[PDB]
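Next up is one chain by itself, shown in structure tokens, the form deposited without the RNA.
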């Protein structure tokens, strides 16, 4: 298994060194000191590699995937999103690596449980689904922006000036927590109306 090999740690390191673009099975094979047929025996192509990496990031850094019992659905959602975000930021291009990942048998177990929890709070199955996907889409989107501008990082109009300096002083986390609260609060308003 990849479990008993240094393939994942070696790819994770290469990822940090060159990013998802420069990460190829060829370079990984050279990093490992082996030729390609042997790396192929461990993992078949870059997509299968990224999948494994995505899941390792989740395994290592995605703490709050199911709700603490007694925890409100609002709290579950906040902490789930923060936890997913921490996973995506744990490595370079973590969000791009996640994109296109095939959920595992466990990720379905975990997503059945999440749907069970919200429907118990009076979300229709539809709205539970939409709620988790909106939080997920928002978070993925944020981290993608964030990670693309970690790379980049008067006559000017006041409002634009204020908005730029805002992100220099405060970074991306307040914007993240703000959008997350806008979502959770919007769910409450929507639930109430329906």
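The term rigid core refers to the most C-alpha atoms you can superpose between the two forms while keeping them within 1.5 Å. Positions refer to the first chain, counted from 1.
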Exercise. So if we fit everything on the core, which stretch drifts more in 5 other deposited structures of this protein, 37-45 or 52-60, C-alphas only?
Worked result: 37-45
Problem set entry | Between stretches 80-88 and 97-105, more displaced by Cα RMS in 5 other deposited structures of this protein (rigid core superposition) | 97-105
Exercise. Looking at the other compared entries that model both neighbours, is residue 159 missing coordinates in at least a third of them?
Worked result: yes
Exercise. How about residue 145: is it missing from at least a third of the other entries compared?
Worked result: no
Exercise. Does the entry skip any residues of the deposited sequence between residue 153 and residue 154, and if so, is it 1 to 3, 4 to 9, or 10 or more, or none at all?
Worked result: 4 to 9
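One more form of this protein, deposited with the RNA bound, exists but is not displayed; see below.
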Exercise. Among 60, 31, 46, 64, which has at least one heavy atom within 4.5 Å of the RNA in the bound PDB entry?
Worked result: 46
Exercise. Just one of 137, 26, 161, 149 has a heavy atom within 4.5 angstroms of the RNA in the bound PDB entry, so which one?
Worked result: 26
For this session: Find out whether any non-hydrogen atom of residue 133 is located within 4.5 angstroms of the RNA in the bound PDB entry, and reply yes or no.
Result: no
Exercise. Does any heavy atom of residue 37 come within 4.5 Å of a heavy atom of the RNA in the bound PDB entry?
Worked result: yes
Exercise. Among 37-45, 141-149, 52-60, 124-132, which stretch has residues with heavy atoms no more than 4.5 Å from the RNA in the bound PDB entry?
Worked result: 37-45
